[PDB]
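Quick heads-up: it's one chain on its own, the form deposited in one PDB entry, in structure tokens.
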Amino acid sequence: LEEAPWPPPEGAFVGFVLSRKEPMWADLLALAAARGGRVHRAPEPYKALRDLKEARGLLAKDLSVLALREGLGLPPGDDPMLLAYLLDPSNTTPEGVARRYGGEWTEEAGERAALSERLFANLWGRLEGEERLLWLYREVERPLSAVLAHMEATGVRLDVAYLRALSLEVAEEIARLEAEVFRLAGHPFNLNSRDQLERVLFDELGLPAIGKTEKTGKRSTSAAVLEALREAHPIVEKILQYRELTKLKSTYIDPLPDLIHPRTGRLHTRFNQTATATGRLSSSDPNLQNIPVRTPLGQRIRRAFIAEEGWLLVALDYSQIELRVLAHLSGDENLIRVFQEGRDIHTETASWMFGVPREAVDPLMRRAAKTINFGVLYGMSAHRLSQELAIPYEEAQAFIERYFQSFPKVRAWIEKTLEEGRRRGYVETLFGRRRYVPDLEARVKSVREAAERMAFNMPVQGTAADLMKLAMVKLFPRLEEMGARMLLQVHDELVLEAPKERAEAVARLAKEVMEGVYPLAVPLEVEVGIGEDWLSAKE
């Protein structure tokens, strides 16, 4: 390409090199743009950012987040990553996409700019005639990248002092547990080492091994195994408590406080847009889509996520979203009727599980019940279910008969979906988002049937993901005009931040946007709460 002085003409593709992958933390080392057989290299990248109207090219969202961090309103535009991801969601990295569609991902901005231009041309070509994928690109993914950029640069407020204090308290409790574990073993060892624990439980103490690990066939010490052994030796309960506490402390309590950004004073995640097989987003660095919520200590941690002073958090969560999607995709009259009547399948199952009436099902019971509902829907075995519910195998097998019989046209949809996947080599969401599942023709049964479970889960999980993304795209500009903020997405949930005066109006508005995103054969219901912290906001 012909070397040409900065700045580039408008519509040029950008290339850029960060000192580290996280755009809120990165130094912009270099910046370039490419168009019309030219390549322009910015003498000083930060200053050159101001000359661009739009970030167009590979990882456009990351450069846009960096720009917002610097006070520049630079929105992301076309990104070949989004084109490739729609063509095949195993296209998750620029290294791979480059190799697959016409170049190499190097460490030089000018080369990355040229690459973006070339790859865009080629991938755009491949999407011609693919009208549904085109609609997903233009109406969903592309605008969604702009929304994600704002969410990332905005961040979420965290009560750091609270977490610091919590750490010291959990440390003492952890020591109480580990000391007792060592007393019971008769000697200390690295309790964090599942290999050392394996030998203590199964070789030294006389406990029966229950299961083996997947890759290396060691005797497993997983929570499920320990659960089954909870009454064979008092050390087992202590170990389970130890695991709970150390998991929460090492993953959330200790790391999160150290990740507060000096400029914003908030915590900033990344919402990865080309990272999953089904079309869901993922979150990393840190992952804010797996903040604890179940146990007492977990809830204490979620309480650390708080609203700016003068603001409130608003949490909105789609009700039984994948069951409703299933009703629509399958067209099952019984299931559709359930939602037209306003029934709650999770409460109902929770009612059967704990042997209480529906009004007796508390939040944590209902939670347990959804693991069972989706567990079964997506192929859980009779054997496993009996083990979890701690009931006879015959009771577990029975529950699964009744489950699929109540909703007769589901299996038809599953069989239709699997046959279709075998022929085309891929399955599809409602909107035509694709996932290739070649192992549907595998000759090994365990491999083939695992593939089948992935394949028929995908249209359901993926449609739910399409709906939520579309909702985010419609909702974002409405929040901007009300002076509220979109902060996080957790798959079928959004967390917004609104000024106190407008929080009620924002909650109502967001609820309606989410419910009316794309009407289905059953209503979509959204549960909404308002609060000073994330736990309170989910009520």
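Position 1 is the first residue in the sequence shown; the rest follow in order.
Beyond what is shown, the protein has a form deposited in another entry; the following relates to that form.
Scanning 254, 509, 394, 376 for the location where one rigid part gives way to the other between the shown form and the other one picks out 376 as the hinge. In that other deposited form, the Cα positions of residue 317 and residue 361 lie at least 3 Å farther from each other than in the form displayed. Relative to this form, the distance between the C-alpha atoms of residue 351 and residue 521 is reduced by at least 3 angstroms in that other deposited form.
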